[PDB]
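Next up: just one chain, as structure tokens, the form deposited in one PDB entry.
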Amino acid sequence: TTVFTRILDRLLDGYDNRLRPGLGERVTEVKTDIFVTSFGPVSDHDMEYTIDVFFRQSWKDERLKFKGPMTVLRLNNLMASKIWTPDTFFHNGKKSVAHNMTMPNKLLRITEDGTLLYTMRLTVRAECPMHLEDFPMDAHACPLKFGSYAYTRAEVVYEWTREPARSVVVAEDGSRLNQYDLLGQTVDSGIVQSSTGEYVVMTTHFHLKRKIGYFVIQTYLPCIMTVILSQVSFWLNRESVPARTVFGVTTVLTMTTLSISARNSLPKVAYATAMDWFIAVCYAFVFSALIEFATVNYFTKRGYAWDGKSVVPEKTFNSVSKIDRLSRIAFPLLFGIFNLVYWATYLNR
């Protein structure tokens, strides 16, 4: 065991981990790839998302060349704190965890030529700005940017280990999304400018499309059924004033409750989503049914309905309202047409 102890002691003898490899000679080049063990839940309200990654970095350090019985030294993570490692950080990250249960989830491997492999298990919570105009039929490209914190591009550059598309790999079973589909990821590289210099940024965009199923069940279907319910009153006799008024008022109250409760999980944006438009038109149809009956009630001459016995020639009885007869067709027809237009508009975006 002294053979490998003497190698490690020799490597760290006179080693200054405050200095990056090649400091004053060349640019340190860090090869990076990401293995996504789980693409975590997306939070609309916080405009963020969670991602669990094996974050891998590889760079060359000529101070760590060795010759021995082995060609790769697989060491525990406490050796990583003894040498220089890149100061990578996530530009859009919010509160990230480098897991250390039961030990720091890091691996350090040194090959005989000085190449280092340094991976760590991370849980990154990153910002994903969202445009919710098309909500709940919206799609987002959630970014994951990272780079060196202190070293400018004249000192440290990052490159993808393989073809850039193949350097971010998502696990087959690793999906913690509940209402989104991960459609893929685009991987790019760039340069950012700060008050302290120019920095290399490695970018990944995760393309997520929202799954509309929840909002159909909880918002769209209750709205459609309330609108259908409000039009049931067109088939009641015009003398059922307390009955048809309860139809109109209750459906408006239900639409108010649906409208208010439908933005609970969203950020309080100043624009109208696609769902706000749907609830508005559903509100308008429901509101207009009560206005329709009030018009019908305004031309009800008699307070008593047909008794079921007397012939009605053409005592006297009210006739079936012409406004009702037209409403029994126009209201169901205009709502069916609106749904055809509404769903063709957003399901095609």
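C-alpha atoms forming the largest set that superposes within 1.5 Å between two forms make up the rigid core. One-based numbering along the sequence shown.
The entry shows a gap from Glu314 to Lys315, with 10 or more unmodelled residues of the deposited sequence in between.
The following text describes the form deposited in another entry, which does not appear among the structures shown.
With the core held fixed by superposition, the comparison between the shown form and the other one singles out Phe247 as the only member of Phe135, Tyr180, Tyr199, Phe247 whose CA moves by at least 2 angstroms.
Here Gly213 counts as shifted, since its C-alpha moves by at least 2 Å between the shown form and the other one after the core is aligned. For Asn237, a C-alpha deviation of 2 angstroms or more is recorded between the shown form and the other one after rigid-core alignment. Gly114 is not among the residues whose C-alpha shifts by 2 Å or more between the shown form and the other one once the rigid core is aligned; its shift stays under 2 Å.
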